[PDB]
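Notes follow the structure.
Cβ placement follows ideal geometry from the backbone for every residue including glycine, while neighbour counts extend to all protein chains displayed. A short reminder: the numbers here are calculations on the coordinates, not readings from a lab.
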Amino acid sequence: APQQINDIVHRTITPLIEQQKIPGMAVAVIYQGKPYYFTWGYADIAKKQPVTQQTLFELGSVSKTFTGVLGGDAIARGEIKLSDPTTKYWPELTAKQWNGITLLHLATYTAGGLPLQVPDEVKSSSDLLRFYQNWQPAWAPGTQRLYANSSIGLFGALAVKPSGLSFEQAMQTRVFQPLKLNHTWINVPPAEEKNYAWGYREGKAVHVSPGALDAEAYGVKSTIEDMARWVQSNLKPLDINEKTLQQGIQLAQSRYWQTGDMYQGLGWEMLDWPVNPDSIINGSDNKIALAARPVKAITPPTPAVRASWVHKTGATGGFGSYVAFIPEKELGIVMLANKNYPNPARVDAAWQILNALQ
Ligand SMILES: NCCN[C@H]1CC[C@H](CC2=N[C@H]3Cc4cccc(C(=O)O)c4O[B@@-]3(O)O2)CC1
Ligand SMILES: [Cl-]
Ligand SMILES: [Cl-]
Ligand SMILES: [Cl-]
Ligand code: NA
Ligand SMILES: [Zn+2]
Ligand SMILES: [Zn+2]
């Protein structure tokens, strides 16, 4: 890598790892469109297995960017429209509170207060129907954004129904395979388990536990190389030869709602570039990111703006991930760690690196 990249990465990430007690970390810096890889520490402490470019990390809610792009691809195929009612895809959802809730609302957390988590008691198809049939909205649809797995998770499950594929098969066939993300998994196969890092929480080695709609909301695992390729693909969608996927990437970066200086895409979140770094850093704290806030609709949605900071945080019990990129500058970063450490620390480090390189 160029010396300027090596320098800023050492001076930013090694102290972050020191400050936050991160056991293992992988970073890709995309500079002039090309990834440069860095690793530190251990994927498995007790085995003394190092983080490598093949180590799988849990992406947590960075998975929602895959779900958003898969939904965009379905839009580009004509399989769904965001204005469609939820009940078009799930007719058994006969409870009246669902009248007026569209796929757009599910995808963008604006259905009116669907909860952050699907309850752990939901273990069967009938349990899930019962949960949504009995959910009572706090607000009218299209007025308040409340970040929620039960919202975008249901969006992803319904968006694949016209294809006839399971969510996993749709994601594999329509996103992972065309982009050559050959080490990205919803379910890690037995022969790849040797590369699956442990997450660390309060000194204990942990992996994400199964839950309803986990694949759609938080269940993807990937390597630093595949995640760099994901960033490259979202930086430069015209490089993608599959037109529906090129367009799905673009649609996931369209601006559907605004709250303050933040815009909601499909999975991705965006701000105008140049960005006020304090807004992305502070806005990433869960006290804010998880709070309900009023949204203003953007109709028609703004087509993807290349002068944007586009990003997403992710967490599981044992992992913390962050992706950010700036299409206009051909500049991005992926930070994968096997500890869930505070979001503002992630965003600050990402800002420091990308700001030094623009
Ligand atoms: N399709 C809904 C028909 N109206 C019904 C109107 C009463 C409402 C009770 C309620 N629950 C909260 C969430 C909510 C949802 C939709 C509309 C509103 C509204 O105030 O208009 C709304 O406001 B709330 O404070 O009022 C139940 C629905
Ligand atoms: Cl130094
Ligand atoms: Cl998979
Ligand atoms: Cl977890
Ligand atoms: Na699952
Ligand atoms: Zn140093
Ligand atoms: Zn050190």
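A few comments on the model shown:
- Longest segment of the chain lacking GluC sites (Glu not before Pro) that sit in a DSSP loop with at most 14 other Cβ atoms within 10 Å: 203-358
- Trypsin sites (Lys or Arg not before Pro) restricted to region 260-315 and DSSP loop, no more than 16 other C-beta within 10 Å: 306
- Expressed as a fraction of 2.2 N^0.38 Å, the C-alpha radius of gyration for the chain is 0.93.
- Set of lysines near residue 21 by C-alpha distance (under 17 Å), chain-local residues within fewer than 8 positions excluded: 48, 204, 339
- Only helices enter the 222 nm calculation for the chain: every DSSP H run of n ≥ 4 contributes -39,500 (n - 2.57), and dividing by all residues gives -9500 deg cm²/dmol, rounded to 500.
- Largest GNM mean-square fluctuation across 215, 107, 140, computed for the chain with C-alpha springs under 10 Å, falls on 140.
- Modelled FRET efficiency - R0 25 Å, residue 120 with residue 97, Cβ distances, 0.05 increments: 0.65
- Estimated vicinal HN-Hα couplings, Hz - region 202-212 in sequence order (Karplus 6.51, -1.76, 1.60; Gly, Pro = x): 6, x, 9, 7, 9, 10, 4, 8, x, x, 4
- With 0.36 nm allotted per residue and the present C-alpha distance subtracted, the residue 10-residue 83 stretch has 21.6 nm of extension available.
- Ranking 41, 310, 251 by how far each Cα lies toward the positive end of the dipole of the chain (charges on Cβ) leaves 251 at the top.
- Between 125, 61, 233, the residue with the greatest mean-square fluctuation in the GNM of the chain (Cα pairs under 10 Å linked by springs) is 125.
- Scanning residues 5 or more positions from residue 295 or on other chains, those with amide H under 5 Å from its amide H are 144, 145, with H placed 1.01 Å from N in the peptide plane.
- Amide H partners (placed H, <5 Å) of residue 101, local residues excluded: 86
- Relative contact order for region 210-358, counting Cα pairs under 8 Å that sit 6 or more residues apart, in percent: 22
- Listed residue (97, 133, 198) projecting farthest to the positive dipole end of region 89-206, Cβ model: 97
- Alpha-carbon geometry of region 117-156: the Rg and the Dmax are 11.0, 31 Å, given in that order.
- Sequence-distant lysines (8 or more away, or on other chains) whose Cα lies within less than 27 Å of residue 236: 34, 64, 81, 180, 221, 312, 329
- Cut-off under 5 Å, modelled amide H: who pairs with residue 201 long-range: 206
- Ascending count of other beta-carbon atoms within 10 Å, so fewest first, for 183, 311: 183, 311
- The HN-Hα couplings worked out from phi for region 136-150 by the Karplus form 6.51 cos²θ - 1.76 cosθ + 1.60 (θ = phi - 60°) are 10, x, 7, 9, 5, x, x, 10, 10, 9, 10, 3, 7, 5, 5 Hz, whole numbers, x standing for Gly and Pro.
- Here the Karplus relation 6.51 cos²θ - 1.76 cosθ + 1.60, evaluated at θ = phi - 60°, turns the backbone of region 341-353 into coupling constants of 10, x, 3, x, 5, 5, 5, 4, 5, 4, 4, 4, 5 Hz, with x for every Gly and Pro.
- Choice from 150, 279, 209 showing the highest fluctuation, given a GNM over the chain with Cα pairs closer than 10 Å: 209
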